[PDB]
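Input: a single structure, listed below in structure tokens.
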Amino acid sequence: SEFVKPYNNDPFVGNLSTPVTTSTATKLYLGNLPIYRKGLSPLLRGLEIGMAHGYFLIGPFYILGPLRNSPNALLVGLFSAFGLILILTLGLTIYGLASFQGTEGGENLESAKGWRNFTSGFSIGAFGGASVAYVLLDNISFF
Amino acid sequence: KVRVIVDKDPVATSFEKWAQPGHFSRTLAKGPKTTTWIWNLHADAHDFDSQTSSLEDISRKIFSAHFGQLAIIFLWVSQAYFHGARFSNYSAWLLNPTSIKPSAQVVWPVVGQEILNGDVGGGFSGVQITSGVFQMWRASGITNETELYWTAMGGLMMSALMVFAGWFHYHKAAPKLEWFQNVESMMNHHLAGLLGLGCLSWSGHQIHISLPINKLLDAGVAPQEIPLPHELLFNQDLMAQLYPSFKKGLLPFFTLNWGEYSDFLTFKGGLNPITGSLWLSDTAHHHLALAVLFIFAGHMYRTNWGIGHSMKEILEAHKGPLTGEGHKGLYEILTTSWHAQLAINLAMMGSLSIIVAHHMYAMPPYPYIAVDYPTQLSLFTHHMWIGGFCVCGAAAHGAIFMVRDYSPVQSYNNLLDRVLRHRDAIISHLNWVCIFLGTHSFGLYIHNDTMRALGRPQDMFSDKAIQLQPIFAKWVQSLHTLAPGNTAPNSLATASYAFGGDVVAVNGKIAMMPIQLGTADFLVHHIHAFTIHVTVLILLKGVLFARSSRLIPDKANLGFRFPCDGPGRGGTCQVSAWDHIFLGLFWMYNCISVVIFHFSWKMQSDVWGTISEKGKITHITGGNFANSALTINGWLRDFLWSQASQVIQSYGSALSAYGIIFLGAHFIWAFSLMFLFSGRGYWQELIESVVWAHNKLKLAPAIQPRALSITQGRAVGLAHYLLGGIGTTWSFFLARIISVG
Amino acid sequence: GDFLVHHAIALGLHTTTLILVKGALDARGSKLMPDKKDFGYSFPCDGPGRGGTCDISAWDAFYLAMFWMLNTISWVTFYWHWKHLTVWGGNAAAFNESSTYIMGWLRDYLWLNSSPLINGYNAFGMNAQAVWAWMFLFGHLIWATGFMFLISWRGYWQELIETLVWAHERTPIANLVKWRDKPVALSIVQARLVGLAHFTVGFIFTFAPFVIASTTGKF
Amino acid sequence: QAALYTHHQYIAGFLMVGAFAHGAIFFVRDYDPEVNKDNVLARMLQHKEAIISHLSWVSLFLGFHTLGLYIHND
Amino acid sequence: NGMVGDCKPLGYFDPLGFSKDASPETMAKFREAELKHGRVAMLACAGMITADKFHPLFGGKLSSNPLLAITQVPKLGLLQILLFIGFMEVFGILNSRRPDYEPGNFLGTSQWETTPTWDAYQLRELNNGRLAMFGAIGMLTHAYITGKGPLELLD
Amino acid sequence: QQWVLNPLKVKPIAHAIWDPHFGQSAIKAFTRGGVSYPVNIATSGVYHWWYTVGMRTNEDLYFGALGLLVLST
Ligand code: CLA
Ligand code: CLA
Ligand code: KC2
Ligand SMILES: CC1=C(C#C/C(C)=C/C=C/C(C)=C/C=C/C=C(C)/C=C/C=C(C)/C=C/[C@@]23O[C@]2(C)C[C@@H](O)CC3(C)C)C(C)(C)C[C@H](O)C1
Ligand SMILES: CC1=C(/C=C/C(C)=C/C=C/C(C)=C/C=C/C=C(C)/C=C/C=C(C)/C=C/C2=C(C)CCCC2(C)C)C(C)(C)CCC1
Ligand SMILES: CC1=C(/C=C/C(C)=C/C=C/C(C)=C/C=C/C=C(C)/C=C/C=C(C)/C=C/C2=C(C)CCCC2(C)C)C(C)(C)CCC1
């Protein structure tokens with residue numbers, strides 16, 4: 002048998018159609034991720050990605066941060082998450098400015114308006130996710 | 012059939028081609044026109060496949076070169092034995108091993124060097140040795156100097172025989188390629204005939220000469236009163252007196268009542284309390300079992316008779332969905348190309364040297380070698396360095412095979428083709444692994460330094476601030492500690508006391524001790540993994556991208572080692588697989604240097620030392636590894652600065668030679684940087700100015716001087732760098748360990 | 515000791531002048547490259563032809579002589595610092611005795627006076643010289659990182675960047691984020707410059723710490 | 368005192384290297400042999416081979432002998 | 034027909050003829066259920082075998098009894114296991130919804146040139162799944178009866 | 075001003091340290107020079123230079139800084 006064939010029946014493209022690259026599991030999961038999901042607007046793509054990253058970003062600061070052994074450990078973790086998210090959304094905005102200089106199409110991540118909607122979604126979502134993880138970690142004794 | 016087929020008188024014996032210097036190569040045979048000719052004569056000396064196209068001739072040259080090398084090695088074994096016979100204190104050490112410093116070299120009084128004949132005990136003045144040959148001979152049972160003298164003479168006879176064999180097998184009766192390509196019979200004879208019979212013979216030697224002599228020495232009999240080996244060999248009554256099972260003869264062997272030999276064939280394990288080393292009965296049983304295993308293994312491959320395997324068929328039968336044709340063509344590759352075989356063999360030899368280094372220190376095999384702290388450190392470090400060098404040689408010869416002997420007609424859609432077809436994925440993923448591993452492993456050290464300097468020990472990656480415990484290593488150590496009862500019931504002790512158990516100590520000094528693993532061990536082990544991974548990255552990229560790359564599609568046409576392909580494409584510098592090896596040698600050097608530093612500090616702080624009558628364990632450095640190895644500042648202070656005292660304060664003492672070599676190796680390491688950083692163009696222009704100065708005086712040579720080639724400059728820089736660094740570590744370790752231990 | 519170290523200083527000055535004067539005089543042309551002025555001041559090379567033409571541009575003469583400038587100034591400053599530490603401490607018969615051999619410099623100047631620096635912070639605590647210890651190690655690290663750019667040259671890193679470009683372009687999710695400038699390995703003169711930069715900054719950081727902390731800890 | 372001496376000696380070395388580098392840039396960029404026909408500056412290029420060879424000689428002598436005496440003492 | 038579940042000891046084993054006069058949809062549902070049961074039972078049997086004598090997690094002293102261990106596990110761990118399994122099952126449902134869909138192939142084997150070797154290894158998967166299906170039920174039943182784990186029951 | 079009274083004993087201060095990464099131990103260690111905050115001990119000789127030149131109070135140094143700022147402007 003042969004589970005490694007040319008990518009899209011093109012032997013001269015620099016890729017291989019391995020199980021990892023071209024399996025139905027990989028295709029399903031990637032195509033269903035928000036950045037690839039069909040029908041999602043750029044705002045919702047950014048929103049889902051933002052909440053996703055903001056929920057987990059608080060944790061390293063909370064437990065491994067300098068004030069882990071302090072009564073305000075989770076507060077400092079949330080503030081650190083907000084700062085890191087501010088840096089990340091600044092990076093997103095400058096990336097959009099540098100890449101999609103001249104664009105008018107919109108409704109597309111590869112355009113200025115679409116990337117701006119995506120960045121707004123990411124920023125709000127990540128702030129909300131950091132706050133939500135703060136709220137859950139305050140009341141973790143519930144579970 | 013497998014048969015002997017050789018050509019007679021293939022090459023005449025004459026000094027005419029000794030006189031003709033560059034005869035071996037077509038270009039060099041013309042004669043010199045520049046000084047680069049002189050260097051190329053040495054560079055292409057042993058490149059037989061560039062000299063002659065015939066694989067038969069290449070094989071014959073290689074075979075006789077192997078003979079010459081064995082002659083050199085026999086002369087080296089002879090030097091060891093003869094120096095022990097004559098210019099040594101082996102008898103004094105044999106009488107009193109713990110206090111006597113082993114020494115088998117003496118300097119002559121000429122220019123004040125006579126101080127180097129330091130006080131080594133036993134009424135003998137000489138240079139202390141650290142090779143462990145004294146302990147080797149004690150294990151072998153040598154108790155007199157006549158034995159050392161006569162085995163040295165035998166070694167000289169064998170060296171002469173090997174020179175004769177090398178001459179004969181190239182000038183009088185050279186084999187054919189058909190003879191050389193009998194890989195199946197070669198494997199059969201090397202397994203059963205070389206390894207198997209070697210182990211069987213050594214087991215017999217041990218059982219007959221080493222067990223009785225060593226047991227009597229441990230009992231207390233002085234070497235003078237020990238019965239001689241020839242008496243012991245046939246005196247069955249004495250051997251029955253020592254080991255009662257010998258009175259039963261060989262009938263318990265021929266009948267399968269092998270349990271009768273339990274006394275002198277044991278599975279005791281651990282270390283002998285007297286000598287603080289492995290039990291020689293255990294070693295005899297070990298070698299006997301290995302002899303049986305190798306003789307059993309050597310009857311696998313096909314020969315003149317119908318039974319046996321074909322490695323071609325075995326390889327061709329292994330092909331999977333993700334591998335296409337699988338191992339098809341590899342048998343032909345390894346039968347046709349010597350460089351592929353050299354690559355594999357060098358890789359395994361180097362890994363074996365490293366495994367030897369790891370095994371000997373944890374399980375001291377020779378008597379009174381564990382207490383001989385210089386010997387353990389020297390052997391471990393030496394074998395580590397040899398292993399790294401062999402691994403890089405493996406990578407280099409793999410690249411050479413790729414450049415020269417690779418062919419798609421042969422290796423189409425096999426594992427080699429499939430590996431080349433995703434080399435980019437391989438190297439990119441190894442690059443990510445290297446970045447991740449180095450970032451974590453070194454940034455933990457850097458974090459520790461930062462927090463210590465900021466006065467925040469509570470934020471450290473220490474054993475008491477943020478613990479990174481090697482839970483898996485601790486679990487494996489616990490399993491090995493509990494092994495002798497549950498999973499190895501016939502074993503009476505653990506394989507090595509490093510995992511756990513009692514503190515073996517001979518006299519006051521400590522032979523072996525359990526080695527604890529904590530946060531520092533976690534950090535340094537991940538550092539080791541990072542260094543190994545970067546070395547593998549460099550070497551594997553060199554091997555894979557020897558044919559071509561996205562930068563140079565025709566890299567194979569240029570050759571294996573070439574300077575560049577010009578300043579185009581932004582610069583194509585060191586694109587060659589040779590230059591990849593040149594860079595990987597720096598990285599294995601760094602890897603082995605960190606490994607030996609870890610070994611030295613850990614053994615000095617946690618294992619080596621002394622134990623008093625009550626049990627006051629006092630280590631050489633005082634257990635500072637666990638709390639100081641967490642920072643690079645601690646590595647710089649408590650290991651290099653702290654232990655350099657015994658080197659730098661060595662002037663006016665017997666270790667002053669180590670001090671001089673410390674400085675000289677430093678000098679050579681720095682001298683290497685000239686070649687490593689500089690370039691041929693400047694040097695050729697400087698030589699032009701000097702050549703004008705000479706031509707003004709009518710003495711510019713006919714062989715015009717030239718700056719060294721680019722590849723040669725890189726090679727010279729690498730050689731000087733390695734020599735300087737290795738000599739620095741050599742002098743430092745030897746001076747420190749001889750002074751303190 | 516002053517005799518010998520002064521002759522060493524003469525060696526340093528003369529060799530730095532040799533490299534620099536040769537670069538200046540051969541910048542226009544040489545027997546290996548008579549038309550160097552056409553290429554200019556700083557170019558990578560002339561190619562592997564004619565035996566190789568590495569570091570031929572007379573900018574590389576400057577880059578080579580920078581190592582010797584650092585070497586000779588280091589010798590000068592070691593001489594100054596050791597003689598003055600001995601004079602200030604009142605034992606000039608340490609310099610007068612030990613400076614005649616090189617192990618005296620390696621032991622009674624570097625090793626002896628490195629203790630208060632490297633003991634800036636240890637397992638038991640920290641002192642006010644911990645910043646000097648950290649900067650000492652910092653300069654060591656930069657000096658070491660310079661060797662990378664000085665030894666390893668562009669072809670290896672270019673091919674490695676081809677591999678990384680392949681990986682970034684082929685992985686999902688991340689390949690939506692795409693560069694504008696094609697990432698390439700550093701040019702030859704650029705990497706010579708970077709390696710020399712890491713060397714020099716390193717030099718100055720290491721000696722600054724060692725010269726400012728050992729003096730403070732010894733007086 | 369030590370900080371100031373080290374500082375100013377290092378900057379002196381840098382300034383000297385820069386002076387020579389800009390002399391090289393002048394030679395390769397701004398030097399006009401037609402203007403400097405048989406000049407005091409052109410004669411420097413004329414016997415540059417002698418200059419470089421003798422600087423090589425003195426550097427070699429100094430290094431050989433200083434290193435040798437230091438090793439003798441060592 | 035068209036599947037790879039047949040074997041030597043029983044041939045094409047269908048005594049009650051469920052597949053007889055059945056649609057390809059029902060056949061695909063049956064094979065998906067078969068492979069899911071086999072895989073889950075492999076995981077179960079391996080989990081009991083390993084955790085009986087080597088259970089370092091959760092303080093290293095949770096009960097070796099399979100039935101008691103899951104009750105001893107914290108609620109959050111059970112919730113996370115359920116979330117993980119559900120996240121695999123949504124992709125199972127999507128693979129079922131796909132136009133090309135073999136029953137248990139998350140790998141998408143149809144796009145590659147497969148052979149009798151692939152068929153034989155699918156048969157290996159299925160046979161091991163059947164054996165593990167019997168094994169897991171046996172282990173749980175013995176755990177309920179005796180209260181010992183698999184290897185302790187063997188002890 | 076304190077250094078002027080006792081030049082040979084008081085260690086000159088370069089500037090205050092502002093670092094949130096400092097621990098309590100580093101804070102206590104770097105608190106030196108007869109001040110209540112962490113500081114860096116000057117090794118540039120500017121104190122000696124200005125004292126020799128004629129500066130005796132912080133006001134003179136501040137006015138020098140102001141005038142140099144105007145010069146740069
Ligand atoms: C100390 C000296 C030094 C350093 C730092 C490096 C660094 C590196 N070498 Mg090596 N190298 C060296 C000497 C050194 N080399 C020398 C002398 C040579 C010549 C023989 C080479 C030759 C060489 C080759 C040929 C290759 C490497 C590779 C690498 C990389 C390994 C991946 C890694 O762990 O990166 C991680 C980075 C580090 C370990 C440095 C410290 C990182 C910590 C976390 C600090 C982080 C700081 C912060 C985030 C940023 C700055 C803060 C602020 C100022 C903004 C990396 C770039 C290999 C590679 O490409 O790997 C993929 C490779 O192929 N090196
Ligand atoms: C519940 C799991 C399950 C399922 C869904 C299937 C499904 C299938 N098997 Mg079967 N099979 C199973 C378990 C299962 N198998 C086990 C454990 C064995 C080992 C004995 C086999 C052995 C086996 C063979 C050898 C073959 C098949 C084949 C088939 C396929 C065609 C026959 C058919 O219509 O079966 C439909 C099956 C069902 C509708 C399941 C009904 C289950 C009843 C209700 C339970 C009976 C068990 C009883 C209550 C308890 C047993 C004792 C103990 C555990 C308590 C079909 C995909 C054939 C095939 O693939 O041909 C190409 C084939 O050759 N199977
Ligand atoms: C199905 C498989 C599975 C997956 C793929 C998976 C993935 C991840 C990831 C993402 C990669 C994170 C980030 C994460 C984190 C944590 N997992 Mg978790 N996990 C799985 C299974 C279990 C089980 C069975 C348990 C468990 C736990 C914890 C705790 C501890 C909390 C605590 O200290 O109380 C934390 C923080 C234990 C628990 O909740 O204990 C009350 C517990 O029993 N997980 N887990
Ligand atoms: C149904 C189905 C499938 C399925 C399935 C099944 C059955 C999946 C089962 C998965 C399973 C069972 C996965 C458990 C993981 C547990 C982990 C990682 C534990 C972490 C544990 C952690 C992080 C910590 C533990 C601690 O104790 C430590 C060490 C110290 C103590 O102080 C306390 C804490 C808590 C801190 C397929 C086959 C997949 C596909 C098919 O199509 C459909
Ligand atoms: C695949 C896989 C994996 C992975 C996984 C992962 C990666 C996971 C993750 C997970 C996660 C990561 C999760 C998450 C969650 C989240 C959440 C829970 C969130 C929430 C949010 C919110 C609630 C928000 C809100 C808001 C606000 C508040 C404000 C306004 C705005 C908004 C509305 C947004 C593993 C390897 C393991 C295994 C195998 C498979
Ligand atoms: C008074 C006195 C004296 C005297 C002195 C003298 C006389 C001195 C001199 C000195 C000198 C005499 C010095 C010099 C120096 C020099 C230098 C340092 C140089 C440099 C150079 C350069 C760098 C160059 C460059 C260039 C080029 C290359 C080209 C062209 C251009 C130019 C020029 C730019 C005495 C001591 C006796 C005593 C006391 C007093």
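Chains as they are written, first to last, in PDB author numbering: chain Y, 2 to 144; chain U, 12 to 752; chain R, 515 to 733; chain B, 368 to 441; chain A, 34 to 188; chain X, 75 to 147.
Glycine residues also receive a C-beta, built at the ideal position from the N, C-alpha and C atoms.
Could you tell me the alpha carbon to alpha carbon distance between residue i and residue j, rounded to whole angstroms?
i: residue 98(A); j: residue 62(Y); result: 38 Å
i: residue 390(B); j: residue 532(R); result: 14 Å
i: residue 751(R); j: residue 703(R); result: Given a span of 515 to 733 for chain R in the structure shown, any question on residue 751(R) remains unanswerable.
i: residue 233(U); j: residue 290(U); result: 20 Å
i: residue 187(U); j: residue 17(U); result: 5 Å
i: residue 50(Y); j: residue 126(Y); result: 7 Å
i: residue 187(A); j: residue 164(A); result: 18 Å
i: residue 523(U); j: residue 632(U); result: 16 Å
i: residue 612(U); j: residue 636(U); result: 7 Å
Residue i bridges to which residues according to DSSP?
i: residue 320(U); result: 312(U)
i: residue 288(U); result: 283(U)
i: residue 586(R); result: Residue 586(R) pairs with nothing; no bridge assigned.
Please list, in chain order, all residues of the same chain as residue i whose beta carbon is under 8 Å from its beta carbon, the five residues on each side excluded.
i: residue 329(U); result: 337 and 338
i: residue 686(R); result: none
i: residue 714(U); result: 43, 44, 45, 46, 48 and 49
What residue from the options has the CA that sits closest to residue i's CA?
i: residue 628(U); options: 635(U), 694(U) and 618(U); result: 618(U)
I'd like the list of long-range same chain contacts for residue i, defined as Cβ closer than 6 Å, with 5 residues on each side in sequence excluded.
i: residue 584(R); result: 717
i: residue 680(R); result: none
i: residue 79(U); result: 177
Going by beta carbon distance, what residues of the same chain come within less than 7 Å of residue i, once the five residues before and after it are set aside?
i: residue 169(U); result: 85
i: residue 668(U); result: 127
i: residue 95(A); result: 88, 102 and 105
Could you name each continuous beta strand (DSSP E) segment of 3 residues or more that falls completely within the stretch 81-112 of chain X, going from the start of the chain to the end?
Those beta strand (DSSP E) runs which fall completely within the stretch 81-112 of chain X and span 3+ residues are 87-90.
Runs of alpha helix (DSSP H) lying entirely within the stretch 596-666 of chain U, each at least 4 residues, in chain order
Within the stretch 596-666 of chain U, the alpha helix (DSSP H) runs of at least 4 residues that lie entirely inside it are, in chain order, 636-639, 643-646 and 656-659.
If we require 4 or more residues per run, which alpha helix (DSSP H) segments fall completely within the stretch 392-470 of chain U?
Counting only runs of 4 or more, we get 426-431 and 434-464.
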